[PDB]
Amino acid sequence: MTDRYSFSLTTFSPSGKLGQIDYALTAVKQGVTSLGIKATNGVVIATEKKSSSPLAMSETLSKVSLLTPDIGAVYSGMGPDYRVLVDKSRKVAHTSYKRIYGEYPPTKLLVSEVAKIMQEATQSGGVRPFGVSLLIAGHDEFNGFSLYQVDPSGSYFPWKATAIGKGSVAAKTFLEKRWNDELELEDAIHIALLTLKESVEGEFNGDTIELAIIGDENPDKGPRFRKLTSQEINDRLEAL
Amino acid sequence: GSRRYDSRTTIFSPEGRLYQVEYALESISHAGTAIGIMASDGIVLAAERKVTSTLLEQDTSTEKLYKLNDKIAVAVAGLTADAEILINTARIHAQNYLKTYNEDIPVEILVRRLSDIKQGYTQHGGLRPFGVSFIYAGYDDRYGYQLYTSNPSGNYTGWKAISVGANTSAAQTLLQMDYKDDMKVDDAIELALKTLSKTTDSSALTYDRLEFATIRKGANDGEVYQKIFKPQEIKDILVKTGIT
Amino acid sequence: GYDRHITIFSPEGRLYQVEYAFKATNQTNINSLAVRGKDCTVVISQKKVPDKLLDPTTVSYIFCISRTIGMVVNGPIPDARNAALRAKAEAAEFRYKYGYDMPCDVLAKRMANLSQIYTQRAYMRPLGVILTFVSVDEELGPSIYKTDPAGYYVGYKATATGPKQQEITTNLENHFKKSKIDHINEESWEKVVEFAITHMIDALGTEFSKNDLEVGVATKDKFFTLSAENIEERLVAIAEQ
Amino acid sequence: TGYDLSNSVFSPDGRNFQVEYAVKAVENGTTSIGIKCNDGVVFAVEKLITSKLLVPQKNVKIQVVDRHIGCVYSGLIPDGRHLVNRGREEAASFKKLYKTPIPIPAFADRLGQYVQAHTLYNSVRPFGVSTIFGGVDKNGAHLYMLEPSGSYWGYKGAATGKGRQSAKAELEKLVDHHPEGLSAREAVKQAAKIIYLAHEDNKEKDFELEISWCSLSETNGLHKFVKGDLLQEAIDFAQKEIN
Amino acid sequence: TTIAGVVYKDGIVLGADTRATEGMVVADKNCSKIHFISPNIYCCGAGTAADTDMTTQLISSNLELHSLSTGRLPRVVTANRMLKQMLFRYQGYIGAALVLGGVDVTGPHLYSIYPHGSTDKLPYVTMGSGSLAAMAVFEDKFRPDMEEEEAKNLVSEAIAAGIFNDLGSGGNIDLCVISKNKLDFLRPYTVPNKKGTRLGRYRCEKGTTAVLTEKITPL
Amino acid sequence: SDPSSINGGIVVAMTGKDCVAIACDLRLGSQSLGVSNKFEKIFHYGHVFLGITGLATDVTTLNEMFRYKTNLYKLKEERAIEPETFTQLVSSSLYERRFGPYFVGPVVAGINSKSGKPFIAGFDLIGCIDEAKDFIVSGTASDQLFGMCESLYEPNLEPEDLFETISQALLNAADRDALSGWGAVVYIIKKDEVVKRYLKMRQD
Amino acid sequence: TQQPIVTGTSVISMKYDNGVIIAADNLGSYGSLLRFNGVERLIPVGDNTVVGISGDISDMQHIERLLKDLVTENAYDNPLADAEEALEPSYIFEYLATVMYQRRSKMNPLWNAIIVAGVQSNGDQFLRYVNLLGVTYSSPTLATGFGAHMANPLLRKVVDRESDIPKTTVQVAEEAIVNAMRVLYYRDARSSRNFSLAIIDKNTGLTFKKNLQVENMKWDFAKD
Amino acid sequence: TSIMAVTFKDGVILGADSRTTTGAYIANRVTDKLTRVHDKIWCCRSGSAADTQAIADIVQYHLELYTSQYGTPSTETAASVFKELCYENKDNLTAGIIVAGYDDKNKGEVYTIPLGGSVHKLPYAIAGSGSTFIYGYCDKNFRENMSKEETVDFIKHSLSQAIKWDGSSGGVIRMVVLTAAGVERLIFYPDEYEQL
Ligand SMILES: *[C@@H](CS(C)(=O)=O)[C@H](Cc1ccc(CN)cc1)NC(=O)[C@H](COC)NC(=O)[C@H](CC(C)C)NC(=O)c1cnc(C)s1
Ligand SMILES: [Cl-]
Ligand SMILES: [Mg+2]
Ligand SMILES: [Mg+2]
Ligand SMILES: [Mg+2]
Ligand SMILES: [Mg+2]
């Protein structure tokens, strides 16, 4: 055993394309639809719990993850890749930030750290890029509420609302029509449930949908991240 | 073994070119145009964002113009992630120099350092080069206002006005036609926007598709001030110059 | 076409080595099944000893990882033992560092994160195995968690693995559609094992002797495998009703 | 295609062709066998006499690990020696920490994990040997056989090399005709016969028989080579059975 | 310092004084000696204060990451192990003397952790320069399975013993009550000493100090 | 021999009503020998002020180090660091040299720009935070300052009342210490103006 | 650098016409405490060598394992392990000597004095000393620690130079050794009555004698 | 500290006092110095509490991992792992450990590991500061193949005396009985053992 892959597996092709990044983006395209919407008093992130079998307990598989008490993440693409990014995101939020400054990182900086990790898989020796795009929603004291997208390249962009994966082109058009700068959090949740219904084939309820919010503090502070329960989603589906 | 899969990123072609550098430059040619224009009383950085949707949150967005210290800024063309790696390295080098000499880093020294890092990826290590070209806008008390560019090869050069990214051929002709040595910042602002307005692949140049910045000594008591323009301010300067 | 030899993306966004590792999974031609009782988790697996020269006592794909955790493997034995040794080592290190027995799901996630590394790093190949972990967890109760070569993992009410997994899965799906509960409503593990065997017989359409099966049982504070005679007693009870 | 050019690459089948090619080197080698008896194990090997210049009884093939384990292999002889060297390091580190000599199943997995490790990377070649080994521990006798893939199982009888099918058939007769078990001295005689019968597949050149054994009664649970009168008695028994 | 803990019927009561000293001088009369490890586990700190602070923080941080990955509340044994194995590694040079108390899935647990990496699991413990004063109160009055308000009083009484009789201890009494149903962080629980009242005003009037030069800069 | 008292000198900080004050002497010596009477011990990073007493090479080194760190902080965060955050940064930085520490006694002072709350803090040489509202003292005449501050101080002072309190605390403490004095500086810090005053004191 | 904790006292030995004798008491002292009364300090290696060890008992047990391990290792790929390529006293000694000096040179000694007694392939008597400093020497009589002061004077009256070795029978040599062990028991405060004795003869081979005792003890003059 | 392990007919019993002192201050008067490294392999700890705890945790780990791979370890194997740690790290440890365990094959076994890192297999072993006072008593009163009740009394009387004379020892006498029947914990309070 010598890890002899000390050379890049992502290289520029004659056209200027980085093949493996493009192919990672193709893997993200095949993944299940997830979306994010930013309100004035909160952010909502949502996705479909595409259950691999009905015998599987889909509650155990969390697509929406808490990164810090005020920052949450959802994805489209390869689940195992997402899982190890969440692990590294949580850790870097402590090592390079909380243990130094005594507070959690702001959304943009944690996003930047994740983006850095993804970039390194795009240039380091003997690795493929991550096959996920992340949607990171969060709040911090000086920047307020924010929503970011992070791609396999390591590029990140802030969004008012967006979607990634399967039906993202259709979902983004849907959001463009519905979004305004005076949405309350409940209005954004309502729009998220509408937008997500279009891309979902089968059952559409609280057990097959995962949906979380960055909002008010839930009782030093309380955490702003909150994952909606199966019941809480179903209640809003009756007013749909 | 592994040799089978090795692209060999650090070799010469038979013509004496570095394949990956050339192909990275091809990558950069498709990136949004960035322009730097140096006047007698300040520098202008202007750059065009790309793809953009109505849903992109522009006021919290930074893909083109980055700050290295209080005296030096860069405009980016290429992979934004690659640039941010190099930017954080440059930001450290500036602070290491400040800590060592108790003076702000001279612009050329920082530029050489970054350009030397880029060079290293072309000569050893077997890794792909950084798919980034920088325009460095900066000031120091030796040479005053300075514009530089670096590219994936690690070569850097100084400029009075320059473009990187898309349509540089067209952009550089238009700059070469309307630039003059006695020019001022307000005039250079206008030239930069007029150049982007003509070379853009979009139908029209609007505030939401632009990042804009100025390095003026034009401040009270002869001190250098960096101004990264806000979305509303870019919209105002577009109306002032008569583009919208 | 070197995108099919190492773990890098094909143009479709696919890792062919991961997919081919999944195919190595069925190379043994063995079917496993796992179900949960009230107090227990039962895992059964086919046992095939094709050579008469083999010592049948050493032919096993069930592993005692810790006292509480059992692991059945669907896949070739060298990779199974690779995974078994690591899982044992991880479970022991966990108890030492954190002062309590490694939970079933925590181990499953740990082994899954290791499996993920082989799909991203080029020098390491994936293991050609699917690992089904079972325990009676002291917080979560009866637990079934499964890991694969992709690095995916998930908890199960019940599961099945192997060439005829779909038949066993649908057989189990149909039973839980009737009972409308996540488990076998039974007090004794002996009867949960009888259920497991019965529902494999129905799904696969094959009768079993005592040497054709291999059974693992997780209870509170121990996981154990049944002997041939313990299985024979189990088979007698099935036949008698 | 190209899936067979690099070790640790899954073909579209789910196979590692380089390992299967290593098996061909094993199949090319001389015949080696193992027989589990009542209170021990017997190992025997076919040594092809390439020339008259080979010194008799000198080029020993069977190797001892610790004091209680015997190893024999067919295929690339140096690869077998490399594996036994490792086995000796494993058996030494085990005894150093845990005091007791390494158990046979424990030892088997130590070789197993190491051989399997050589199918995980392209920078190494798989082992070109099937290794038959075993001995007597606290839980009694154990015979194992370990393939290039890392696969190993416990055996009543084992055989590998060019004459393996011939040998396996003979071993299967012994398993059927002796359910109550075979004695250590019987197993030595039977081992000699089976190597002699399996020599029909390598019949061009004549050969030299080499036998070893661990037995709780006959050798105090230690690995010893069958020498002198007992070796000649086994050769005579084998020569009688072919005629 | 005087820090103590008791195991009562429903859970754990931790206690601490509030005096931080440099040599013989009091630098802070109201400092927090009860640290957060996890939502169900707290740690009283004595010995070298820096070591006490950064050891609890590091283990709290690592337990947070552990708890995110496992998805369940962390245990007191794991907090205990992580502290223990670190302190042991550093062979007493990290001068952290902790009283670790919390409530698990497995019930309430109380530990004393020493700088060298030994731990005792006990129904009541005391540490710091006021440990003997506090332990006297526990030996006098402790009994197993106390009610909450009784245990609160016993710990408060034990911290008071340290405050008055030990010179290293002083200020207010902080408690932390941990049970399955709640966490009560009482700071301050008691103020046994009033701040001394000053009889004169010694503050100088404006223009009394002699200035050489002045500069004003706005922000 | 004792590194904390080779060069000498003192820092004191106080809170008032919508203001903080931080003050230091100007002496640098080699024990008995006075060398410089222009060695200021108070620095600032944005609106956060840091006094540092102790071994002068470490005072200088830490100033340069926190300038470095707060500069990168500002570039990345796109805002100046706050006193509460900086205090944690100082603590971290000191404790990462736990077994080869900087021989210093730092003092943070500033007003939180968002909340408007006046903030001060002190540290031992390995970064344990003294987090007191009233006052923080440091240096070779720390005992003297503790006594002066405890008797002179009272809460919620107006900026120019507070000036007289901190100045008299510094001056009278310094005059009872051989290794402090040779001049003094007092910063009066408000939410959006800072007044720096040099004090006239005995030059022995 | 350490300090010896549980210790063994004198190992004594001599050459005679056909071989060597070596002896050592069965005590593991713990300072002044006579802690362990069943410690064997003569450790045979094959059928031609006995290594007698004094000093730290934990370091002795380590050396005991190194020798046990040396036998195993010599047997590997060695068809003549019980014949021409068996371990010799001189091989066993040189190994130990190398180890002892290497350990002293890393400032981490095995805290022992060792006597390797045996008979070589060609019938020659082997008797050589090595200690924690790597110092080596041979002599017709060898003794460690206390025995060097009391046993050697008695044993040298039997074999005073090389030319006396062929004149000394096994009976005379064994008597002298057992006599010397008695003298040591009277006078060494850290010795015991119970000892082991090993004769390595070129004809009769290795004879290992356990549970011997010092007898014929003159105390009667005490009563006066 | 006063600790001892004693083999008898049905297996082995470990015994210990419960006092842990910091100088003259009794830091813990109800210490459990009998610690479990496997189901029926326990140890008595004396010396540095930090060191003997650290060792015992490492041993427990090694035997857990041994068990995962090779089944139940012998008492000898456990003693060998203790020894290896104690001997190799002798310069940085102060640990005097008695290891005691019950196999079905070997029955009761006692191994003592003193400061040096040497191992000694014995019918019974005594250790700790209080052991000095009972060498005379234990040597005179120990017999092999005692009954359970005789061995409980032998340990109770012995540690009673060790406690009486040694100030470093005291509190309750804990015992742990290891037989085929299982593991039994016993405790004996001052009012019982002081009047012996
Ligand atoms: C009491 C401990 S005692 C005397 O051993 O009973 C307190 C405990 C404590 C715990 C937490 C905090 C807040 N994080 C504060 C106090 N410890 C102290 O008072 C310790 C000294 O105990 C021996 N004091 C210090 O550590 C002080 C620093 C504070 C005053 C900020 N350090 C020094 O005085 C030093 C001098 N030289 C050093 C090196 S440390
Ligand atoms: Cl992990
Ligand atoms: Mg791979
Ligand atoms: Mg003065
Ligand atoms: Mg003076
Ligand atoms: Mg006593």
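We number each residue from 1, going along the chain as drawn.
Per the header: X-ray crystallography, 3.0 Å.
In case you wondered, yes, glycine gets a Cβ from its N, Cα and C as well.
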Site from B:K99, B:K227, B:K235 that Swiss-Prot describes as ubiquitin cross-link, others unannotated there: B:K99
Going along the chain, which residues six or more apart from B:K198 (ubiquitin cross-link) have their CB under 8 A from its CB? B:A170, B:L174
Count the other Cβ atoms sitting within 10 Å of the Cβ of B:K230 (ubiquitin cross-link), across every protein chain shown. 13
Count of other CB atoms lying within 10 Å of the CB belonging to B:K99 (ubiquitin cross-link): 15
Are any of the recorded sites B:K99, B:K198, B:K230 near chain F, where near means a Cβ under 8 Å from a Cβ there, and if so which? B:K99
B:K99 (ubiquitin cross-link) to B:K230 (ubiquitin cross-link), Cα to Cα, whole Å, comes out at 32
DSSP three-state assignment (helix, strand or coil) for B:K198 (ubiquitin cross-link): helix
Reduce the DSSP letter at B:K230 (ubiquitin cross-link) to three states and note it down. coil
